[PDB]
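**Q** The structure that follows is given in the form of structure tokens.
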Amino acid sequence: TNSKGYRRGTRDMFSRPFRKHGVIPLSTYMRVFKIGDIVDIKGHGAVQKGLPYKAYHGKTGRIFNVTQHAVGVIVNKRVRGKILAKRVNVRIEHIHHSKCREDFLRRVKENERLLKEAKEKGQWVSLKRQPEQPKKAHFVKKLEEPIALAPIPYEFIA
Amino acid sequence: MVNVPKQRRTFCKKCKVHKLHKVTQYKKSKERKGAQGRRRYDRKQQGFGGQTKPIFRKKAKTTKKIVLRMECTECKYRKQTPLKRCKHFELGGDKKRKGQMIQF
Amino acid sequence: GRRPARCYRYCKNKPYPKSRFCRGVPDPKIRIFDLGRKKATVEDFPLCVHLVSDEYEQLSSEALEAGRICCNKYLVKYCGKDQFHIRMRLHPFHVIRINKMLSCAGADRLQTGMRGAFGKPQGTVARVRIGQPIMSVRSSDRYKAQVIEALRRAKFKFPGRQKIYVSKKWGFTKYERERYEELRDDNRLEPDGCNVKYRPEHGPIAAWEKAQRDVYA
Amino acid sequence: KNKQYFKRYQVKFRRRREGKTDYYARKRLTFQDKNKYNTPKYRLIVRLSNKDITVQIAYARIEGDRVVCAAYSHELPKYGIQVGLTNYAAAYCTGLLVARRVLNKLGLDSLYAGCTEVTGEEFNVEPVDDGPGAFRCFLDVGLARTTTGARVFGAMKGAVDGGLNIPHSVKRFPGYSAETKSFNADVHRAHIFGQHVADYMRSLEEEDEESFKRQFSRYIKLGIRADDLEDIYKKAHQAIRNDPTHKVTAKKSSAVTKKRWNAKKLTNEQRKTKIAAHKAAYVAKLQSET
Amino acid sequence: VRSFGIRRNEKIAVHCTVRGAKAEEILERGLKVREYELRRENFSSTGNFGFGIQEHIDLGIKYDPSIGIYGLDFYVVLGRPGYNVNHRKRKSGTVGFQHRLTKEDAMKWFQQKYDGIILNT
Amino acid sequence: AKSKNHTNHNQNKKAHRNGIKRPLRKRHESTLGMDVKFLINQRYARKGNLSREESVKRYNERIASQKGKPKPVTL
RNA sequence: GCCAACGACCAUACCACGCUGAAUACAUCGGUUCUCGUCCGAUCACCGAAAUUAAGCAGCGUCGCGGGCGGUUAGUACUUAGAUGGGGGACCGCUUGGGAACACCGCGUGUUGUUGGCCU
RNA sequence: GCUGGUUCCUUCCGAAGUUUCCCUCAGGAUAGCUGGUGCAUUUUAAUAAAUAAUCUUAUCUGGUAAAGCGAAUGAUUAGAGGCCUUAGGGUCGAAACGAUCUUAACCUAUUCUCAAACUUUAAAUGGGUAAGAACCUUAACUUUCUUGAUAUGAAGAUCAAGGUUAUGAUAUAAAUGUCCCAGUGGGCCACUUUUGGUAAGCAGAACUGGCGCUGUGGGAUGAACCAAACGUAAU
RNA sequence: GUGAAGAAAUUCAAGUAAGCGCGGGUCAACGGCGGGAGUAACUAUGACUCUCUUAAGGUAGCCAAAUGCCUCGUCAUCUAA
RNA sequence: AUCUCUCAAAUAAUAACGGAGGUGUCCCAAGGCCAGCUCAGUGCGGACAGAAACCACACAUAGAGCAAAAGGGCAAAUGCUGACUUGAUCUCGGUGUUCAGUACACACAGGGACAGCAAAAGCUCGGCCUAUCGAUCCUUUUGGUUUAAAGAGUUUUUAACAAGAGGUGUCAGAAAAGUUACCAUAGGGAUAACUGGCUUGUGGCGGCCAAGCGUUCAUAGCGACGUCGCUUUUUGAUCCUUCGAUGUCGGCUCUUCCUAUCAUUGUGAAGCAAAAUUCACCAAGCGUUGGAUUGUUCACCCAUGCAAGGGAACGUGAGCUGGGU
């Protein structure tokens with residue numbers, strides 16, 4: 001008739017994977033984390049010192065205060081319905097690095113550079129993305145084994 | 001049973017270091033009037049009222065917590081720190097002895 | 001107490017498992033699942049015939065008791081007493097809860113108004129899907145008439161609707177009947193109780209070697 | 001037995017399988033505070049072997065440890081230490097060696113001369129003001145029991161007498177008897193000068209010639225009598241402070257794929273030709289009788 | 001266990017180990033009372049062998065009626081040069097098919113020196 | 001009685017009527033609950049920012065006091 | 001082609017067995033006076049070398065176990081979405097789209113970093 | 001804190017039966033929803049190089065459907081093979097310790113069927129964040145510091161360079177205060193999901209849409225079905 | 001009321017009436033008034049015997065009662081029923 | 001009030017007197033920390049040695065243990081043993097949960113101070129993490145070297161301020177026994193008894209397949225285990241309608257209707273010689289009684305009868321009666 005409290009229904013949020021138990025690999029303490037960086041939260045089930053609660057595992061947000069061995073992240077939590085900006089402290093192994101900026105930061109380089117090679121030829125930029133267009137009009141030869149190749153059913157008898 | 005070793009080296013707030021502190025129990029100090037609360041509950045009660053104030057029934061807790069005055073051994077300062085709720089508690093102890101057969 | 005199953009004909013819940021503290025449950029005698037010459041090898045019974053279903057039916061276990069003792073008592077009459085292998089392919093691993101009015105003796109005076117609503121266990125059931133065979137009869141090819149007519153009299157004890165496959169299998173193997181022989185004829189299949197062995201190659205050598213020994217010498 | 005054992009079993013790491021690290025010091029040493037983001041740790045490895053001890057200063061990184069400088073006791077026959085390379089006193093000069101093999105990289109040679117007269121007192125360095133604060137390091141012994149006066153702490157005693165600021169106590173220096181302390185500094189001056197190795201010989205000069213056919217042989221092959229061992233170890237200290245040349249090498253080279261050598265790994269073709277004849281050999285063993 | 005009333009932390013039993021320069025004299029003392037043609041098992045499969053003795057006075061000691069008699073069990077573990085690899089803190093590791101001692105390595109070595117037959121019953 | 005205690009009908013039609021209200025995008029944000037120095041250090045560098053044009057060039061001439069910085073590339 | 005120290009990801013590294021291993025090495029290995037620990041110098045601790053490459057370890061072998069990867073089971077099972085679609089009901093079919101999984105067959109057997117070092 | 005009533009007409013906007021607390025369960029307070037009244041203003045404000053909410057991109061998370069028991073745990077049918085020496089009957093034998101099969105296990109390779117409180121694997125529907133000038137680099141400056149021999153790192157304050165502003169389609173205007181102003185805090189119905197019950201026009205939840213508040217067309221008939229939402233009229 | 005300590009308010013101590021506590025009497029005062037086991041030359045039944053309890057174990061008597069659930073008790077009678 | 005797994009439908013949230021359990025404590029070590037060692041079990045060995053212990057070598061991915069429920073988690077630990085310990089301390093705010101995005105309470109990330117272990121790195125602000133708890137008022141204690149008692153000084157006293165304690169378990173927290181068939185008011189169809197509706201465990205119920213019985217003979221007549229449907233006057237189940245009122249059992253009287261056929265008319269079948277009977281079909285046209293006891297309905301009993309069906313408006317109280325409640 002309940003949940004309440006603080007770690008309920010975490011038989012699979014903080015379960016370990018198949019055979020990734022054991023000593024946490026030591027790169028997790030070695031990562032550098034800055035202020036304003038973006039970060040994910042997967043609560044690591046083998047470290048009880050300040051897990052995120054279950055309402056923040058899965059959620060990304062911006063660091064804005066780093067300490068000795070934990071980080072104070074800003075995670076958007078939807079309440080009803082006024083989305084709040086939370087201010088969560090978590091440790092390091094309950095955090096990963098985002099990748100969602102990482103593609104864009106290589107798009108900022110190239111749009112700086114696709115205009116840089118076009119700095120000399122002049123024209124023209126064509127910087128912004130497009131979603132998938134229709135392909136074109138082709139024509140395709142068989143050329144290579146003319147048609148039929150002809151699938152026709154016979155699908156029951158069984 | 002909760003032993004407390006009757007000495008400990010905790011933080012003497014007056015000396016500003018850790019000093020050796022003798023431990024005790026707080027017990028109670030009865031309600032000696034004229035406290036103003038008695039000096040009132042001795043006039044609201046007085047003639048022709050029929051018991052004005054709540055008489056607390058419905059006792060529910062079985063234990064209480066325990067408070068230890070912890071007197072400083074240098075500057076005789078004291079400090080009241082509680083504990084958890086414990087149903088049996090004797091300080092002084094006869095400290096636990098481990099790996100041991102019951103004898104005779 | 002022996003509740004009818006006009007009231008228990010569908011998959012109405014996600015299925016009850018069998019706990020390990022609730023002892024006091026009724027002990028059934030649905031303990032028999034294979035009947036006939038269960039010890040005969042694959043070479044003795046090459047014909048296999050299933051009784052395949054047509055709904056997501058939930059079968060009672062009363063019906064499955066009748067469906068084996070029906071097909072035994074034609075095949076010990078019209079097949080010879082050992083020339084077959086009746087096998088239930090389908091186990092009744094569920095619980096049904098029966099809140100019946102055992103409300104005699106008339107003075108408990110709180111019995112249930114709606115207080116409380118615990119269930120009460122009085123048996124099993126067996127759930128079935130479409131295209132899921134319920135029994136399979138492994139026999140010799142001579143009694144093909146005697147077995148496809150034996151299973152008609154197993155239909156009319158089951159609810160629902162059934163369809164009677166004669167297999168292209170070679171008995172209870174996973175193999176096709178002709179494809180059984182081609183893989184059999186040199187070394188590659190080995191006898192067992194009622195089944196075979198599947199490509200004993202990897203590895204490493206001696207299992208290839210010693211199974212090549214005895215087929216040679 | 002033990003077949004679905006393998007589907008579920010997963011392995012302790014690599015260097016807990018080899019038995020080399022411990023990963024319970026490794027987390028706790030190399031932890032820097034995550035607000036002093038990337039300034040490294042600079043710990044001090046001391047690893048010892050049957051032949052030759054090793055001291056490297058390093059700091060871990062994501063991609064394996066970086067190493068700033070390393071110094072072995074095998075370099076010491078340059079500086080006059082011919083044999084007896086795993087003494088405590090031979091462990092002293094190696095930790096002395098990197099503590100001067102590394103300050104040339106920083107140019108911290110004008111400052112922090114260190115305890116130039118070594119006698120066995122805990123002379124942690126002082127931060128010389130208005131500029132360069134002293135180099136910092138922390139001890140990493142890893143998998144040796146830190147017992148009172150082990151060989152690994154002379155290497156530490158080499159470094160703090162070299163000039164590197166390491167926090168340490170004395171309780172695992174030799175001869176500081178913990179019943180009861182006994183800041184007896186002078187037993188270092190008998191150990192860091194190696195004299196109790198010599199006084200082991202001076203207490204064995206008289207009993208057995210076969211004792212010299214036993215342990216501390218080959219001092220006899222170099223004529224190393226049991227009297228001048230300090231004079232070796234005094235001379236090293238002023239000669240290690242001459243030149244740590246950092247072991248430059250200009251072979252350049254004889255290294256490449258000589259000679260094959262280590263049994264390359266049989267691709268699937270010649271695997272199959274091995275199986276093709278073996279199956280042909282077994283029927284040939286069967287066609288022999290028929 | 002209460003079948004014989006022995007209790008947790010009751011100190012029922014005494015044991016002591018001997019390594020080197022005292023094993024090989026105590027065992028031959030224990031072998032004359034054994035009259036060392038000792039039975040075949042007595043031989044664990046890991047190359048180890050131990051035996052029971054009675055009447056412990058005949059191990060070169062006085063009877064001493066103040067202490068009485070005491071029945072003994074012996075157990076001798078053999079090895080090869082190299083088994084410390086199994087039992088070190090740093091770079092440990094197991095051994096292999098050989099240097100692991102078979103039972104025949106323990107029966108030959110008892111047949112070879114000390115000249116006792118193994119009494120293959 | 002018992003008809004309807006604890007439902008969610010009409011609960012995200014309400015929460016999507018005066019709608020779902022993203023927070024903000026504030027240029028500066030509160031440093032309330034940050035590391036407390038850190039912030040006393042940045043409160044000391046905020047006062048000492050004195051050179052806009054004047055001393056900001058000058059210390060390069062002080063780098064040439066060691067003819068530059070050949071040595072300190074290490075630590 | 002290697003070795004040591006220190007690692008990273010943490011089985012393509014693991015396990016079993018068998019073979020090989022120049023040099024650098026590592027070990028194995030000798031001792032108990034000191035430091036030092038132990039019921040026991042086995043473990044640790046400290047001293048230094050006679051023996052050995054047996055074993056560790058390293059490299060490999062095996063239609064090996066496992067684990068890794070790919071095809072394939074499969075446009076399958078399931079599933080968003082739609083109908084005044086079928087059926088007595090279970091349930092099914094169609095349309096619009098997303099689309100797995102065991103098994104099975106194949107193919108791989110660690111890759112690498114920093115620092116010294118050997119060079120068969 | 002309950003029953004009954006509560007008196008003009010048009011015009012505009014338009015609900016709730018939920019959350020937390022309460023000697024609270026026919027009531028309140030409390031937030032959500034509502035109206036009013038403003039105000040601030042944008043090359044998404046008045047003669048954009050920037051916001052905002054369904055898809056796309058990129059990237060995180062998940063353990064349900066399916067799958068699985070020749071993976072663990074948990075049930076579990078059937079036989080096969082086995083030196084066996086655990087072996088029960090025996091048997092040739094005084095027993096056999098010589099041996100014979102048999103039968104029980106045990107071990108090996110299988111096999112039938114499963115699981116709200118079982119998992120190796122793992123969907124669709126989904127949940128999070130990102131998508132440029134509040135940017136991108138370059139510089140030397142700053143700091144008492146805790147860390148650091150560039151008295152380097154970090155976080156900043158001013159300069160230098162920057163093309164065409166960095167998916168799509170949208171903008172019935174959006175942003176923000178106050179009055180937290182009125183009412184409400186009995187809900188019912190339905191697809192798909194679902195629990196209790198034998199069932200129920202029964203009981204209880206998840207999602208979306210409706211009814212309540214809603215007329216008109218259709219289903220002869222009807223609160224919810226299917227069409228369609230409604231100023232007075234013609235075509 | 002009494003004594004004591006204190007600058008006093010006040011605090012302490014002895015003593016402490018009736019009730020209550022302890023104790024005796026009373027039920028034509030309110031009320032209450034038991035179990036299990038084994039046994040008699042056929043079964044049955046239990047005069048007897050064991051035994052556990054309690055303040056006392058319901059005695060004279062009456063009764064399916066206007067009082068007995070089971071019950072329309074079982075037997076006789078009254079009735080054609 | 002509170003905790004765990006499930007329900008829960010792959011974020012988080014989600015309900016019922018749904019399912020399985022837990023809590024109101026326990027611990028000076030079961031808290032801290034440094035070092036050392038590895039567990040369940042199996043295997044081979046060893047006097048008294050089976051299940052007997054204990055020593056001993058190999059295997060041993062956690063199948064052990066971690067105060068306790070359940071779940072996660074842990075292998076040079078968080079487990080076992082040993083060293084030394086008091087950080088189970090003092091202070092200031094902030095965050096997570098519950099959330100109104102309030103308070104307790106628990107937890108967490110820090111600053112300051114004082115310390116413990118450790119060679120050091122470091123670790124510690126109780127219990128490896130998720131429960132193990134409590135306002136105001138009043139009482140109380142500890143603290144300043146305190147402020148106030150307002151005419152002024154000193155001392156007692158009282159009060160104030162800060163941190164704890166004494167407890168509200170109905171756990172955001174009144175101080176609280178029954179009865180009314182003598183009754184009352186405000187209301188309620190938000191709520192029972194009563195008809196009607198929906199429902200069928202119960203009631204009642206007829207086909208499929210035949211193991212059978214039927215001397216023989218399956219199906220003249222029955223028909224085991226199955227299996228599928230049908231009726232709702234009882235029994236319930238619900239709570240839709242009615243509480244500013246629908247007269248609530250029966251019997252008497254009197255109507256009509258239904259077949260689920262007891263008898264009669266018309267037929268078929270039989271293990272149908274006649275007689276007697278049984279099975280089945282079309283069939284509701286005419287019948288379906290008199291009495292003893294009981295308030296009852298079914299009830300059984302005497303008697304009539306070639307031969308004594310079952311039901312519908314819970315038919316019928318301004319129709320009666322008033323025996324039952």
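Naming works like this for the structure tokens: A, B, ... for the chains as they're shown, residue 1 at the start of each chain, ligands 1 onward in shown order.
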Show me, as a list in words, the residues that have an atom within 9 Å of range 81-87 of chain B when counting only C-alpha atoms (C1' of nucleotides), minus same-chain residues fewer than 4 positions from it.

**A**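 In the requested form, the answer reads residues 1, 2, 62, 63, 64, 65, 66, 67, 68, 69 and 70 of chain B; 25, 26, 88, 164 and 165 of chain J.
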
**Q** Find the residues near residue 53 in chain B: any atom within 12 Å, counting only C-alpha atoms (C1' of nucleotides), skip ones fewer than 5 places away on the same chain, and give them as a PyMOL selection string.

**A** (chain B and resi 40-45) or (chain J and resi 137-138+174-175)

**Q** Could you please determine the separation between CA of residue 217 in chain C and CA of residue 288 in chain D in Å, to one decimal place?

**A**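 CA of residue 288 in chain D lies at a distance of 11.6 Å from CA of residue 217 in chain C.
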
**Q** Could you please tell me, as a ChimeraX atom specification, which residues of chain B have an atom within 12 Å of chain I when using only C-alpha atoms (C1' of nucleotides)?

**A** /B:32-34

**Q** Okay, now the selection with N, CA and C atoms, as a PDB file, in the first residue's frame?

**A**
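Contents of out-v5.pdb, as written:
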ATOM      1  N   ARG B  32      10.990  20.898  42.221  1.00  0.00           N
ATOM      2  CA  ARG B  32      10.909  21.792  43.384  1.00  0.00           C
ATOM      3  C   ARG B  32      10.500  23.237  43.139  1.00  0.00           C
ATOM      4  N   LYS B  33       9.303  23.536  43.636  1.00  0.00           N
ATOM      5  CA  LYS B  33       8.646  24.830  43.634  1.00  0.00           C
ATOM      6  C   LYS B  33       9.275  25.804  44.645  1.00  0.00           C
ATOM      7  N   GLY B  34       9.324  27.100  44.317  1.00  0.00           N
ATOM      8  CA  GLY B  34       8.566  27.763  43.289  1.00  0.00           C
ATOM      9  C   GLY B  34       9.050  27.960  41.894  1.00  0.00           C
TER      10      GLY B  34
END

**Q** So that I can see what lies close to residue 33 in chain C, please list as JSON, numbers by chain the residues with an atom at most 8 Å from it, counting only C-alpha atoms (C1' of nucleotides) and leaving out residues fewer than 3 positions away in the same chain.

**A** {"C": [30, 86, 87, 88, 89], "H": [77]}

**Q** List every residue of range 7-216 of chain C that DSSP, applied to the backbone of this structure, places in helix (DSSP H, G or I), and write the result as a PDB file with C-alpha atoms, in the first residue's frame.

**A**
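As written to disk, part08.pdb reads:
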ATOM      1  CA  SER C  61      -5.786 -31.281 -14.957  1.00  0.00           C
ATOM      2  CA  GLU C  62      -8.891 -33.402 -14.611  1.00  0.00           C
ATOM      3  CA  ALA C  63      -9.007 -33.379 -18.395  1.00  0.00           C
ATOM      4  CA  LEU C  64      -5.394 -34.411 -18.671  1.00  0.00           C
ATOM      5  CA  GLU C  65      -5.914 -37.356 -16.369  1.00  0.00           C
ATOM      6  CA  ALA C  66      -8.693 -38.504 -18.667  1.00  0.00           C
ATOM      7  CA  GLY C  67      -6.691 -37.824 -21.817  1.00  0.00           C
ATOM      8  CA  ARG C  68      -3.988 -40.292 -20.885  1.00  0.00           C
ATOM      9  CA  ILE C  69      -6.207 -43.056 -19.489  1.00  0.00           C
ATOM     10  CA  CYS C  70      -8.343 -42.828 -22.563  1.00  0.00           C
ATOM     11  CA  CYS C  71      -5.483 -43.284 -24.984  1.00  0.00           C
ATOM     12  CA  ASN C  72      -3.961 -46.023 -22.893  1.00  0.00           C
ATOM     13  CA  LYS C  73      -7.138 -48.078 -23.042  1.00  0.00           C
ATOM     14  CA  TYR C  74      -7.337 -48.225 -26.746  1.00  0.00           C
ATOM     15  CA  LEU C  75      -3.655 -48.823 -27.241  1.00  0.00           C
ATOM     16  CA  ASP C 141       4.230 -47.017 -38.505  1.00  0.00           C
ATOM     17  CA  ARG C 142       1.889 -50.001 -38.695  1.00  0.00           C
ATOM     18  CA  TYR C 143      -0.639 -48.752 -36.148  1.00  0.00           C
ATOM     19  CA  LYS C 144      -1.094 -45.370 -37.853  1.00  0.00           C
ATOM     20  CA  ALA C 145      -4.812 -46.001 -38.106  1.00  0.00           C
ATOM     21  CA  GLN C 146      -4.859 -47.243 -34.541  1.00  0.00           C
ATOM     22  CA  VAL C 147      -3.261 -44.073 -33.162  1.00  0.00           C
ATOM     23  CA  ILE C 148      -4.982 -41.308 -35.145  1.00  0.00           C
ATOM     24  CA  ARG C 152     -10.033 -38.645 -31.490  1.00  0.00           C
ATOM     25  CA  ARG C 153     -11.186 -40.208 -28.258  1.00  0.00           C
ATOM     26  CA  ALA C 154      -8.695 -38.005 -26.497  1.00  0.00           C
ATOM     27  CA  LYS C 155     -10.168 -34.881 -28.101  1.00  0.00           C
ATOM     28  CA  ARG C 177      12.441 -38.765 -40.685  1.00  0.00           C
ATOM     29  CA  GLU C 178      14.435 -38.989 -43.913  1.00  0.00           C
ATOM     30  CA  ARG C 179      16.962 -36.513 -42.521  1.00  0.00           C
ATOM     31  CA  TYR C 180      17.288 -38.765 -39.490  1.00  0.00           C
ATOM     32  CA  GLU C 181      18.585 -41.659 -41.580  1.00  0.00           C
ATOM     33  CA  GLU C 182      21.155 -39.690 -43.578  1.00  0.00           C
ATOM     34  CA  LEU C 183      22.793 -38.383 -40.434  1.00  0.00           C
ATOM     35  CA  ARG C 184      22.431 -41.785 -38.775  1.00  0.00           C
ATOM     36  CA  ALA C 206      39.103 -38.932 -29.267  1.00  0.00           C
ATOM     37  CA  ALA C 207      35.349 -38.448 -29.420  1.00  0.00           C
ATOM     38  CA  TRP C 208      35.803 -38.165 -33.143  1.00  0.00           C
ATOM     39  CA  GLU C 209      38.278 -41.007 -32.953  1.00  0.00           C
ATOM     40  CA  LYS C 210      36.590 -43.545 -30.721  1.00  0.00           C
ATOM     41  CA  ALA C 211      33.215 -43.053 -32.324  1.00  0.00           C
ATOM     42  CA  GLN C 212      35.063 -43.688 -35.564  1.00  0.00           C
ATOM     43  CA  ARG C 213      36.715 -46.720 -34.003  1.00  0.00           C
ATOM     44  CA  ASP C 214      33.632 -48.790 -33.201  1.00  0.00           C
ATOM     45  CA  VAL C 215      31.894 -47.950 -36.478  1.00  0.00           C
ATOM     46  CA  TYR C 216      35.039 -49.234 -38.173  1.00  0.00           C
TER      47      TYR C 216
END

**Q** Counting only C-alpha atoms (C1' of nucleotides), what is within 9 Å of range 64-73 of chain G, bar same-chain residues fewer than 2 positions away, as a list in words?

**A**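 Contacts, in chain order: residues 202, 203 and 204 of chain C; 3, 4, 6 and 7 of chain D; 11, 12, 14, 15, 16, 62, 76, 103, 104, 105, 106, 107, 108 and 109 of chain G.
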
**Q** Residues of chain H no more than 12 Å from chain C, counting only C-alpha atoms (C1' of nucleotides): send them over as a PDB file with C-alpha atoms (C1' of nucleotides), in the first residue's frame.

**A**
ATOM      1  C1'   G H  70      21.829 -28.012 -23.487  1.00  0.00           C
ATOM      2  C1'   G H  74      13.517 -22.531  -8.047  1.00  0.00           C
ATOM      3  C1'   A H  75      10.227 -26.329  -9.267  1.00  0.00           C
ATOM      4  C1'   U H  76      10.722 -30.734 -12.730  1.00  0.00           C
ATOM      5  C1'   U H  77       9.105 -35.694 -16.582  1.00  0.00           C
ATOM      6  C1'   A H  78      11.426 -39.538 -19.114  1.00  0.00           C
ATOM      7  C1'   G H  79      14.798 -42.980 -20.104  1.00  0.00           C
ATOM      8  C1'   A H  80      20.387 -43.596 -21.799  1.00  0.00           C
ATOM      9  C1'   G H  81      25.430 -44.271 -20.227  1.00  0.00           C
ATOM     10  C1'   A H 109      25.974 -36.434 -21.861  1.00  0.00           C
ATOM     11  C1'   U H 110      20.631 -35.725 -22.516  1.00  0.00           C
ATOM     12  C1'   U H 111      15.487 -34.841 -22.204  1.00  0.00           C
ATOM     13  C1'   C H 112       9.790 -33.097 -21.203  1.00  0.00           C
ATOM     14  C1'   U H 113       7.478 -28.711 -18.992  1.00  0.00           C
ATOM     15  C1'   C H 114       7.451 -24.054 -16.297  1.00  0.00           C
ATOM     16  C1'   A H 115       7.948 -19.479 -12.476  1.00  0.00           C
ATOM     17  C1'   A H 116       3.541 -12.278  -9.407  1.00  0.00           C
ATOM     18  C1'   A H 117       7.954 -12.423  -5.113  1.00  0.00           C
ATOM     19  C1'   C H 118      13.679 -16.531 -11.086  1.00  0.00           C
ATOM     20  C1'   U H 194      -4.485  -4.769 -14.630  1.00  0.00           C
ATOM     21  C1'   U H 195      -5.452  -6.728  -9.138  1.00  0.00           C
ATOM     22  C1'   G H 196      -9.160  -8.941  -5.740  1.00  0.00           C
ATOM     23  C1'   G H 197     -14.121 -12.039  -6.894  1.00  0.00           C
ATOM     24  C1'   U H 198     -16.574 -17.808  -9.094  1.00  0.00           C
ATOM     25  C1'   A H 199     -19.234 -13.875 -11.499  1.00  0.00           C
ATOM     26  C1'   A H 203     -14.529  -3.687  -6.105  1.00  0.00           C
TER      27        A H 203
END

**Q** Figure out the distance between CA of residue 198 in chain D and CA of residue 184 in chain D, please, to one decimal in Å.

**A**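 Distance reported for this atom pair: 20.1 Å.
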
**Q** Can you tell me which residues surround residue 143 in chain J at a distance of at most 9 Å, considering only C-alpha atoms (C1' of nucleotides), apart from same-chain residues fewer than 5 positions away, and format the answer as a count of residues only?

**A** 5

**Q** In Å, rounded to a single decimal, give me how far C1' of residue 111 in chain J is from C1' of residue 141 in chain H.

**A** 29.5 Å

**Q** So that I can see what lies close to residue 22 in chain G, please list as a PyMOL selection string the residues with an atom at most 10 Å from it, counting only C-alpha atoms (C1' of nucleotides) and leaving out residues fewer than 4 positions away in the same chain.

**A** (chain D and resi 259+261) or (chain G and resi 118-120)

**Q** With a cut-off of 10 Å and counting only C-alpha atoms (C1' of nucleotides), select all residues of chain H in contact with chain A and give the selection as a VMD selection string.

**A** chain H and resid 19 32 56 to 63 119 to 120 127 to 132 135 to 137 154 to 155 162 to 168

**Q** Residues of chain D within 12 Å of chain E, counting only C-alpha atoms, what are they? List them as JSON, numbers by chain.

**A** {"D": [14, 15, 16, 17, 18, 19, 20, 21, 22, 47, 48, 49, 141, 142, 143, 144, 145]}

**Q** Please provide the set of residues having any atom within 9 Å of range 53-55 of chain C, restricted to only C-alpha atoms (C1' of nucleotides), with same-chain residues fewer than 6 positions apart removed, written as a PyMOL selection string.

**A** (chain C and resi 128-134+160-164) or (chain G and resi 90-91)

**Q** Could you list, as a VMD selection string, every residue of chain E that has an atom within 7 Å of an atom of chain B, counting only C-alpha atoms?

**A** chain E and resid 8 to 10

**Q** Produce a file of the selected residues containing C-alpha atoms, as an mmCIF file, in the first residue's frame.

**A**
data_model
loop_
_atom_site.group_PDB
_atom_site.id
_atom_site.type_symbol
_atom_site.label_atom_id
_atom_site.label_comp_id
_atom_site.auth_asym_id
_atom_site.auth_seq_id
_atom_site.Cartn_x
_atom_site.Cartn_y
_atom_site.Cartn_z
ATOM 1 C CA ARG E 8 32.998 -24.165 21.679
ATOM 2 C CA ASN E 9 36.335 -22.759 22.869
ATOM 3 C CA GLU E 10 36.887 -25.669 25.234
#

**Q** Taking only C-alpha atoms into account and nothing else, which residues of chain F lie no more than 9 Å away from chain D? Please answer as a PyMOL selection string.

**A** chain F and resi 71-75

**Q** Considering only C-alpha atoms (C1' of nucleotides), extract the chain J residues located within 12 Å of chain B and return them as a PyMOL selection string.

**A** chain J and resi 24-30+81+85-91+113-116+126+132-134+137-145+157-159+163-171+173-176

**Q** Using only C-alpha atoms, find which residues of chain D lie within 9 Å of chain C and jot them down as a list in words.

**A**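 Selected residues: residues 279, 282, 283 and 286 of chain D.
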
**Q** Could you list, as a VMD selection string, every residue of chain A that has an atom within 6 Å of an atom of chain J, counting only C-alpha atoms (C1' of nucleotides)?

**A** chain A and resid 6 to 7 11 46 48 50 55 89
